[PDB]
K.L.:
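What follows is a single structure, and I will ask about it in a moment.
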Amino acid sequence: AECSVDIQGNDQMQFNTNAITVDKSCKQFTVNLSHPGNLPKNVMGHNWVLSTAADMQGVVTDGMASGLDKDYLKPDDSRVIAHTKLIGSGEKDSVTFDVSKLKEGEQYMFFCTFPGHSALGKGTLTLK
Ligand SMILES: [Cu+2]
Ligand SMILES: [Cu+2]
């Protein structure tokens with residue numbers, strides 16, 4: 001099966017999908033994020049961050065407090081399973097992670113930690 005997905009964030013706060021499926025036979029998985037908007041990352045930055053559902057709000061809140069220079073992620077945040085850099089217009093970044101970090105039946109969320117963005121810039125990730 002395919003073990004990658006292409007995700008975009010633009011000059012609005014929604015990703016172009018709200019649900020990612022990771023096939024259970026995949027051993028790694030890659031997310032390729034890009035930003036087809038015109039605004040720079042300090043104004044309309046997006047990252048793609050994966051945590052358990054339970055951990056999402058903490059990661060978002062602590063990430064906002066960490067600021068732009070930390071890509072809006074608390075340093076040494078063990079709650080983050082995988083993530084990309086924060087990108088702006090014209091940029092791109094990919095993350096590959098081990099599917100051994102995921103289990104069937106567990107509830108995962110992906111989201112952007114740029115301030116305010118998680119309200120609309122979030123979705124589920126499911127191993128199946
Ligand atoms: Cu964002
Ligand atoms: Cu990191």
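Residues take their numbers from the sequence shown, with the count starting at 1. All values below were derived from every heavy atom in this structure, side-chain atoms included, with hydrogens, water molecules and symmetry-related copies excluded.
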K.L.:
Check whether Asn47 reaches the backbone of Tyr72 with its side chain - one donor and one acceptor, N or O, closer than 3.5 Å.
P.N.:
no
K.L.:
Which atoms form the tightest heavy-atom contact between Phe29 and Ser4, and what is the distance?
P.N.:
CE1-N, 3.7 Å
K.L.:
Taking atom types as modelled, find out whether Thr30 and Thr96 have a side-chain donor-acceptor pair closer than 3.5 angstrom.
P.N.:
yes
K.L.:
Can you name the closest pair of heavy atoms from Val60 and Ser118 and give their distance?
P.N.:
CG1-OG, 3.6 Å
K.L.:
Would you say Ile87 and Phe15 are hydrophobically clustered, going by side-chain heavy atoms of ILVMFWY under 4.5 Å?
P.N.:
yes
K.L.:
Any side-chain heavy-atom pair from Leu86 and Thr113 closer than 4.5 angstrom?
P.N.:
no
K.L.:
How about CD on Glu104, more than 12 heavy atoms from neighbouring residues, nucleotides or ligands closer than 6.0 Å, or not?
P.N.:
yes
K.L.:
Does atom NZ of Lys74 have more than 12 heavy-atom neighbours, drawn from other residues, nucleotides or ligands, at distances under 6.0 Å?
P.N.:
yes
K.L.:
Could you report the tightest heavy-atom contact between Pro36 and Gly9, atom names first, then the distance?
P.N.:
CD-O, 3.2 Å
K.L.:
Show the numbers, then the answer: is there a side chain to side chain contact (heavy atoms under 4.5 Å, CB included) between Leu73 and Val59?
P.N.:
CA-CA 7 Å; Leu73 287 176; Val59 172; 4.0 Å; yes
K.L.:
What orientation do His46 and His117 show, parallel under 30°, tilted 30 to 60°, or perpendicular over 60°?
P.N.:
tilted
K.L.:
Determine the minimum heavy-atom distance between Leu127 and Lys103, stating which atoms define it.
P.N.:
CD2-C, 3.7 Å
K.L.:
Could you tell me the separation between the CE atom of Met109 and the CG atom of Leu125, rounded to the nearest 0.5 Å?
P.N.:
10.0 Å
K.L.:
Can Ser100 and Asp98 be counted as having a side-chain donor-acceptor contact under 3.5 angstrom?
P.N.:
no
K.L.:
Any side-chain heavy atom of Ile20 within less than 4.5 Å of one from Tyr108?
P.N.:
no
K.L.:
Within the distance-only criterion (no hydrogens, no angle test), does the side chain of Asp11 pair as donor or acceptor with the backbone N or O of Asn38 below 3.5 angstrom?
P.N.:
yes
K.L.:
NZ of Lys122 to CE of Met13: how many Å apart, nearest 0.5 Å?
P.N.:
9.5 Å
K.L.:
May I ask you to test the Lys70-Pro75 pair for a side-chain heavy-atom distance under 4.5 Å?
P.N.:
yes
K.L.:
Can you name the closest pair of heavy atoms from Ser51 and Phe111 and give their distance?
P.N.:
OG-CE2, 3.2 Å
K.L.:
Kindly determine whether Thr21 and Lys128 satisfy side chain to side chain contact (heavy atoms under 4.5 Å, CB included), including the steps that lead there.
P.N.:
CA-CA 7 Å; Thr21 290; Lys128 63 172 141 96; 3.8 Å; yes
K.L.:
With a 4.5 Å limit on heavy-atom distance, are the side chains of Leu50 and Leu102 in contact?
P.N.:
yes
K.L.:
Say whether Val22 and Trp48 are linked into one hydrophobic cluster, either directly or through other cluster members, by side-chain heavy-atom distances under 4.5 angstrom.
P.N.:
yes
K.L.:
How many angstroms lie between CD1 in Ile81 and OG1 in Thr52, if you round to the nearest 0.5 Å?
P.N.:
6.0 Å
K.L.:
If you compare all heavy atoms of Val95 against all heavy atoms of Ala82, which two are closest, and at what distance to 0.1 Å?
P.N.:
CG2-CB, 4.2 Å
K.L.:
Got a sec, which pairs hit salt bridge (charged side-chain N to carboxylate O under 4.0 Å, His left out) with one end in residues 77-94, sequence neighbours left out?
P.N.:
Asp62-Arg79, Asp77-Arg79
K.L.:
Verify the cluster assignment for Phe110 and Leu33: are they in a single hydrophobic cluster under the rule of side-chain heavy atoms below 4.5 Å apart?
P.N.:
yes
K.L.:
Working to the nearest 0.5 angstrom, can you tell me the gap between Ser94 OG and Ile7 CD1?
P.N.:
11.0 Å
K.L.:
Say you draw a straight line from CD of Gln107 to OG1 of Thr124; how long is it, rounded to the nearest 0.5 Å?
P.N.:
9.5 Å
K.L.:
Return the CG to CD distance between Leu120 and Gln12, rounded to the nearest 0.5 Å.
P.N.:
11.0 Å
K.L.:
Mark yes or no for whether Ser89, through its side chain, and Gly37, through its backbone, hold a donor-acceptor pair below 3.5 Å.
P.N.:
yes
